[PDB]
């Protein structure tokens, strides 16, 4: 290919992220306000993950757990630092919204491999390393093919096949498989 792989896919990523950022902007400001006054005035925390050509970038996400400490300082267990409304924000995936800015700025695509830990970079073999030949995605070929089994090698098989055979057909197929995925629980 080339015409869609090297150009048109990025435009849909930019416009889509820009449209969705303006579309959910009241919810974004509302979420940040609640977190500011009841969780943490830092609101946003970043996540360093490998991306295109394995280059590290920070993933933006809303902070949901408090920054509470202990009499000795070792933080409370995760049970007591995550209130009911924090779980509600997590449940509605509102904390995930800042990643639209990641998609907009080029860190990620709308459809692509899942951003995983930096630890796995030396573990990937010569075939699985190719999953970083494309930008990571909010959804992708591996996310829609979940079969209640943790076969990392088969997830990586889907990842490598996607990076090699990126098509406008395939992207539409993933998009339909993603909305049909959410029609179920």
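Positions refer to the first chain, counted from 1.
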Looking only at C-alpha temperature factors in the entry, 19-27 or 167-175, the higher average sits in 167-175
Mean temperature factor over C-alpha atoms, higher-scoring stretch between 45-53 and 142-150: 142-150
Within this chain's modelled residues, let me know which third the CA B factor of residue 98 belongs to: lowest, middle or highest. lowest
Splitting the chain's C-alpha B-factors into thirds, which one does residue 90 fall into? middle
For residue 132, does the deposited CA B-factor place it in the lowest, middle or highest third of the chain? middle
Should residue 61 be placed in the lowest, middle or highest third of its chain by the C-alpha B factor in the entry? lowest
Consider only the C-alpha atoms of the modelled residues in this chain, order them by B-factor as the entry records it, and name the third containing residue 104: lowest, middle or highest. lowest
